[PDB]
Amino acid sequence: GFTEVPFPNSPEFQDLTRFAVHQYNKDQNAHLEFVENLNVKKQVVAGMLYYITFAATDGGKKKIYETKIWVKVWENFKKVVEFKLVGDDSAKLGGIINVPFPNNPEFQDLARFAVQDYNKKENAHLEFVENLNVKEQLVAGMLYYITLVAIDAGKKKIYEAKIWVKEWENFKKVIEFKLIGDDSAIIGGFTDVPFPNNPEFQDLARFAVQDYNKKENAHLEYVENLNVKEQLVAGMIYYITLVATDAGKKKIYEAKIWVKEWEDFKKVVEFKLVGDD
């Protein structure tokens, strides 16, 4: 349980608050100004957790906020795990930020946790393979958007798991788990691409989208990539998993593009809808 702290505006507590306040202001592009910690609690957890009630003005106007700061001084670690204006319907939700290494074992475990969760709830037998993409969001805690590949009935398919985790509590929970559609198998070895949304790759995916548009009389509107995989052959082949809107509806597609630069050769060999349709 929490515990009252008999020194609200302590230098180290005034420290914690402005750390939170600084991040919010920047991540959100705002200008909260810290005045005074009104109240401070403390919970011994995986490390310490401080629930901080403080006063801030936002261009002259008096406002009360609350933040939950997770700290592990033995790692030089402090993460803001909630930030909220009293009262408001909810906590201040952060932007949905993309995470460049979707297969860092911590997300592989999130993914597996979600796959098993679904296996129990649906009496199913899905089989994880890899993550294609992870997005993170500051909520009350963290929410991860995982786009994964799982083998079902022997066939690779793409699923999306939304999972909520309060890491200081060792707590996690599936918020949403849904089938997107069929994955298209790569066959052979591949190299991953750490940043699937570099200009190089955004231009290739846009090329394929226009190619598909022209060829099927469609009007897909490119949004971004989720994942890029490469392999050297004669020239290079890119396997691109991307989102496009089709009449405002977000869809996922898989493109296969074959490039031979000395030939000025660029060819879309496969472009397929995964799902969301």
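Residue indices: 1-based, along the sequence shown.
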{"item": "Greater mean Cα temperature factor according to the PDB record, 54 to 62 or 39 to 47", "value": "54 to 62"}
{"item": "Given 27 to 35 and 205 to 213, the range whose Cα B-factors average higher in the PDB entry", "value": "27 to 35"}
{"item": "Maximum C-alpha temperature factor, selected from 126, 85, 96, 142", "value": "126"}
{"item": "Where the record places residue 161 (Cα B-factor, split into thirds across the chain)", "value": "lowest"}
{"item": "Third of the chain, ranked by Cα B-factor, where residue 121 sits", "value": "highest"}
{"item": "Third of the chain's Cα B-factor distribution that residue 135 belongs to, per the entry", "value": "lowest"}
{"item": "Chain thirds of CA B-factor: placement of residue 147", "value": "lowest"}
{"item": "CA B-factor placement of residue 170, once the chain's modelled residues are sorted into thirds", "value": "middle"}
